[PDB]
Structure formats: C-alpha cells, structure tokens
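Next up: just one chain, as structure tokens, the form deposited in one PDB entry.
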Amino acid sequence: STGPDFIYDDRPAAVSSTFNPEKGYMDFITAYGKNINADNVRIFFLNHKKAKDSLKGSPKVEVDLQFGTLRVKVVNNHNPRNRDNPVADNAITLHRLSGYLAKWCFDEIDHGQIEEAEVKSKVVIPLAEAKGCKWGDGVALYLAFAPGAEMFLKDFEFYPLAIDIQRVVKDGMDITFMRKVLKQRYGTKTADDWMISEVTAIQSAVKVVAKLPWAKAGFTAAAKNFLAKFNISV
C-alpha cells in the first residue's frame, strides 16, 4: 500500500569511458589464453547472434557463457534492467569478446604456417561471407567484418571503417552505427588526428572493399549475366 504504480531509476553511464581496447585485449589474453583455440573461436563467431538474443532474454547481471571449452564470464547489457549498471573497463561484453577473438585470429595466424592453416580452415565470419569475402581476400579485410574489430583499426588497416562506410553508401545502414568506429584510435593517433591525416589510406581501403562482390555474392557469373539480360543491376 502507498506504493507507486511505476518506479524509475538512473542510468548514469558513462562518466569517462576510459576504456582501452589494447589493454582489454592483453588482460583478456592473460586471463583466458590457455583455452583459446581455433575450434572455440569458430564456435563463438557462429553462435554470437544467438548468444546475443540469449542475453537480451536473460535477467542476470554477469552471465558465464561457454563456447567449446572456452568459458568466459561476461557482463550482460542487453536487457534494459541490467545495463543500467555501467560496464567497467575490465569487463567483457559480447562485442568486446568478438573484437578480442578477431585480433586473436589475427596474431595466431602470424604465429606460423600451421596456425595459419588451422585458423583459415576453421574460422568463419558469416558477415564477411555474406559479402563474398574469403580468407584469400586478405586476413585483415576478412577479419574486419567481425563485430568489435573497429577496436583495432590499425591492425585491420582501416577495414572495419571502410566496411561501415560501404554499408552506409550501398546497404543504407543508419549513420549511428558508425559512431563506434569514429571515436576509435588508429595506432597512437586520435580520431581528430587520423580523420584529417589518414584520409588517403582510408580511401585506399575503401577501394579495396569496393572490389568485393558485396550484394553480388552469391550469384554465379551466369546468374549475373542472366539478370543483366533482364535489365536488373545486380
């Protein structure tokens, strides 16, 4: 009795956003590196969306998820109530984990020929394949399609940014989705630095991404000529 019909609470986040992707990655590797392998990573990239919806459904504050043998304690920010709690710089989210695992594939491939073969034969990024990108297209480019990859703009050669740009231009993506990539750093350069100083490299990347099949994959060449014969720009 004497009880409010509705009741409301604050969402103070975030004060400073002092989050550093390189640090987050290094810490993450120190904490989970023993159980990270190509199998577990393949599983993650294949089950990201599902894990995401599972999180939007769940009420817990910290959820312990398992991919293969990879067990990770991750902060839930998908349902409205939980995310009201702001997310610390040492906390791991699905987005951050996706980025970290993308970078993991990137370094592991550099470890050598056998690791390269394993990662390339097992790791699949659906968002990359949907535009007809393969590993053969290049490591940085293929890995840039992974969510969170924008956290490592330099390693991926501006590719996440170029991809976002192309999704806006071609696929009519909402501009808001680019905001994440637009405060990110490029090596030591700040956004205000590389937005002015690196436009050339970014445009090169854009050209590279433009060479991709994109919407035109997968339609066989025969399919594309056929569609052309009926006045359809594929």
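Heads up: residue numbers just count along the shown sequence, starting at 1. Heads up, when I say rigid core I mean the largest set of C-alphas that superpose within 1.5 Å between the two forms.
Stretches 104-112 and 80-88 differ in mean CA B factor, with 80-88 having the higher one. Per-stretch averaging of Cα B factors for 213-221 and 9-17 places 9-17 on top.
Each of 29, 55, 181, 202 has a CA temperature factor in the record; the biggest one is found at 55. The PDB entry gives the largest Cα B-factor of the residues 176, 166, 188, 37 to 176.
For residue 70, the recorded CA temperature factor ranks within the middle third of the chain's modelled residues.
Among the modelled residues of its chain, residue 63 has a C-alpha B-factor that falls in the highest third, as given in the PDB entry.
Another form exists, deposited in another entry; not displayed. Remarks below refer to it.
The residue among 134, 122, 83, 95 whose Cα moves by 2 angstroms or more between the shown form and the other one, once the core is superposed, is 83. In the core-superposed comparison between the shown form and the other one, residue 215 has its Cα shifted by at least 2 Å. Relative to this form, the distance between the C-alpha atoms of residue 126 and residue 224 is reduced by at least 3 angstroms in the other entry.
In the other entry, the Cα positions of residue 220 and residue 129 lie at least 3 Å nearer to each other than in the form displayed.
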